[PDB]
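Two forms, one chain: they're shown below as structure tokens, one block per form, named structure 1 and structure 2.
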Structure 1
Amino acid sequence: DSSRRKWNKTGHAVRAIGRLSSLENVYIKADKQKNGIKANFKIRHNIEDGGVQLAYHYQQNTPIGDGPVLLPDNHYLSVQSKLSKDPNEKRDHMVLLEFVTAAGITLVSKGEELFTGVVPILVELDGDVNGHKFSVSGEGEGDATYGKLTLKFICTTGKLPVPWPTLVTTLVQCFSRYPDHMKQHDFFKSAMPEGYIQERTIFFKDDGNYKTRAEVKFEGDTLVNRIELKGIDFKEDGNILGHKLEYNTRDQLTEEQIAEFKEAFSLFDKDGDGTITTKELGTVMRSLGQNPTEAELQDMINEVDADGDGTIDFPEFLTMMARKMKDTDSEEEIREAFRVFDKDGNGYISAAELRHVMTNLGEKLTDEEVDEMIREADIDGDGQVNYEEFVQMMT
């Protein structure tokens, strides 16, 4: 028992270090003598059937141009990535969706202005890993308002000789969302349009290393990332050349699921600036009839406020919504949602109640559209939605 107590106590401490050190954030610092920045970070690539392959990243960025750029105070980028496949694509490929935000500093230039909308992206990579030459082309778009990248990459030489996850960091940090109060620390956009050179060494623990040099710049209205990669000293049946790295998980939100959350987000972010402020959150809650104090509104946002900017951005909203609930918690959540829709609390959402809720949220739907929502949910043909019918629409 005392021995058991000792294993538990020290087990907890060791697992606590594991939980704390689970982050894979990109730490950025100025490099004033090169008029640019350096970064360091550690990617943890899951190995098939358990374990992690560590990839230690050392990064340097220097502007192509001769002029002023923003040299930042220390801060970091936080990345959410989702890798998937196109079922209609026969070539070796990767579909990638990424959300990237800056943080670590507590509470419009010509470079900034280039990123205020959706920007087309081209990526070209020529690689040579242990003598295996290969090429990758990618295209898609970046929307820095939401820190969002959506891209599809093809191996144009045939089968990719390394796992796709090992190339993600190499294959445009100018698309990261920097909150307003960190705008003076955004080196990446400040170097645009002439662009920057991004170089890395990536050391795969107990295995080989990649050395990468990329030119990141606008060519016309397209942001282009042109990359040369060299890998050396890889083990022929290590995790990289032996393709023993997990591609993704079954347990990840779909691109279209994320898209539905983006539509929900826009109901709060009515000015489309990519943030929900206390004013905006209160506006919606007040329209639904609730009355939060400024203190409650500040605290509610603070709870999910990863970067401490006092607002909810889309990646923060996604984190909150992506969180899976205990099935008993989920039930109570749906029960509470029903209560919001059933305004008079009589156990039935009427068509009139549903029209009002749509109006209060800021949805614009015709009465006919609302009737179609009623028809979709109604099982017993009374033209109203009871609790169990509502559960089917929330499930």
Structure 2
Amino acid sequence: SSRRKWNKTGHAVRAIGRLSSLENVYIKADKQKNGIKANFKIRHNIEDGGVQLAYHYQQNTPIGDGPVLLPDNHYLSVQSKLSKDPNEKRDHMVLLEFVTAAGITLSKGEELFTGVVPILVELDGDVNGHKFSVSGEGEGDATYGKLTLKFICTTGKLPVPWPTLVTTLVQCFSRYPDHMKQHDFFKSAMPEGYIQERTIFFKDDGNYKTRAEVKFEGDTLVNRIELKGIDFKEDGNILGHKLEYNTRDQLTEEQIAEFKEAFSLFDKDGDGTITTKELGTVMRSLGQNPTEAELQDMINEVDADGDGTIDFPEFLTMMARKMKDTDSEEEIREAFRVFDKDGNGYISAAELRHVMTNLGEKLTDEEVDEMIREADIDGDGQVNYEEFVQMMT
């Protein structure tokens, strides 16, 4: 059938497409410059359709003279969410990002990143002679590869789209798993820092050239940037502001924080990854005693990088994944049965307290009572299955 032929051919051509949209940041050593180089491409959606490609070429070199770590080839995987602050009248961008290194199979500088670190970002820009400045502030938590920042245009209206400045506006906050610690150039250059340079080519339009110094200034990690843009088209997608601001309709920041809180219950040592030991501990606390081999089988089924642990993005993938309605309903049934330890059909305050304390939460009886109250539609002091379903929905 001609329709059969079109389908099978279309699938093949689309498969080529899915394979070659490499979204990752590919890093390799630049031994001559005692640093690293990277290349990657960003796909900016165009309002009302189409994509604007931005080809990135990157080089980093240390600012100071102490030895640094030069890596084997690897990549960073980035998930970014852009949003707006409803009360902010200035031109602005709120950003949440998670970045994790991978691609390799299983000190001083590192130690500076074990907790939450305040960030300042300053950019001075000139695009086609339009001068502008951006200031940003927020925090990074490398344990999770997490960045949270807000940026403001301090010169009025930004003359380019905010998404085009994301990559310019601190790869030292990437999570490198334990087996790749010796490949983390960025933290190895700290505190003295590194210079990051890029050229960014917007296809069929102009380019940005950037130079940044990234370093500690006391206890703050500061990214100070100069940007020059040339050859842009006045009514192209960049100077003409034709790019979409955010992706429809990425899972909410709130939901991410809820998942992070949940993840923390498993990651007992706060190292940003769940091990078989940690998963066993949680399961034991709730009365289930799988063997070490069974725990490893469990983790493997969701361990996308084969490092044998579950990191936060891997946990998010597992939790974000599409379930058939029947399956979602049964998963909620099963969760109810975990809470309802005596199997009588009602979750009591005692039972709730037991589950939360065993997971490792610290709640008073009064806090547990308030949780029951929020769910207890019929006022009997316990949470039945219908009430539980509404709470989880």
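Residues are numbered by position in structure 1's sequence, first residue being 1. Only the largest set of C-alpha atoms that superpose within 1.5 Å between the two forms is called the rigid core.
Of the residues listed here (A30, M358, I47, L54), only one shifts its CA by 2 angstroms or more between structure 1 and structure 2 after fitting on the rigid core, and it is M358. Rigid-body rotation of the smaller part against the larger part between structure 1 and structure 2 amounts to 12 degrees, from C-alpha fits. With the core fitted, the CA of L20 sits 1.7 Å away from its counterpart between structure 1 and structure 2. Core-based superposition between structure 1 and structure 2 puts the Cα shift at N346 at 5.3 Å. Once the two forms are overlaid on the core, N74 shows a Cα shift of 0.2 Å between structure 1 and structure 2.
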